[PDB]
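Peer 1: got a structure for you, letters missing:
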């Protein structure tokens, strides 16, 4: 319905060639994607995908 | 700090998942598939934020 979409941060790496860190994240269904995440997010955090 | 946002380029309700899947474009031009909340449409912007 109006549920939330979250993903646990499995892996995190600061790449000089990017302007936000890159994270391997695991969504609810167990699928893992590489995405950008805000500075300050660390391995073991949970990020939320939200509509602005 | 600096917010992380991405444009929803494409979107698809797969019955094999419990949230719709989107192709999104991050500010670096990179396009990744992720889950987005029910309600977002093509052209919306999503934020990735730590809860």
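Peer 2: Right, received. Where do you want to start? Numbering: from 1, shown residues only, chains lettered A, B, ... in the order given.
Peer 1: how about residue A:27, phi and psi?
Peer 2: Backbone torsions of residue A:27, given as degrees, to the nearest 10, read phi -80, psi -180.
Peer 1: How many neighbouring residues does it have?
Peer 2: 19 (other Cβ atoms under 10 Å in any protein chain shown). Every C-beta, even on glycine, is put in place using the N, C-alpha and C of the backbone.
Peer 1: That one and chain B, how far apart?
Peer 2: Separation of residue A:27 from chain B (Cβ to the nearest Cβ, to the nearest Å): 5 Å.
Peer 1: In this structure that residue contacts residue B:35, no?
Peer 2: Yes - between residue A:27 and residue B:35 there is a contact under Cβ atoms under 8 Å: 5.1 Å.
Peer 1: what sits in contact with each of these two?
Peer 2: A:5, A:7 (Cβ atoms under 8 Å, 6 or more residues apart in numbering or on different chains).
Peer 1: Okay, angle between whichever strand in chain A runs longest and strand B:31-35 too, please.
Peer 2: Taking DSSP state E as the criterion, chain A has its longest strand at strand A:5-13. Strand A:5-13 runs at 140 degrees relative to strand B:31-35, counting by axes from the mean of the first three to the mean of the last three Cα atoms, to 10 degrees.
Peer 1: Good, wrapping up.
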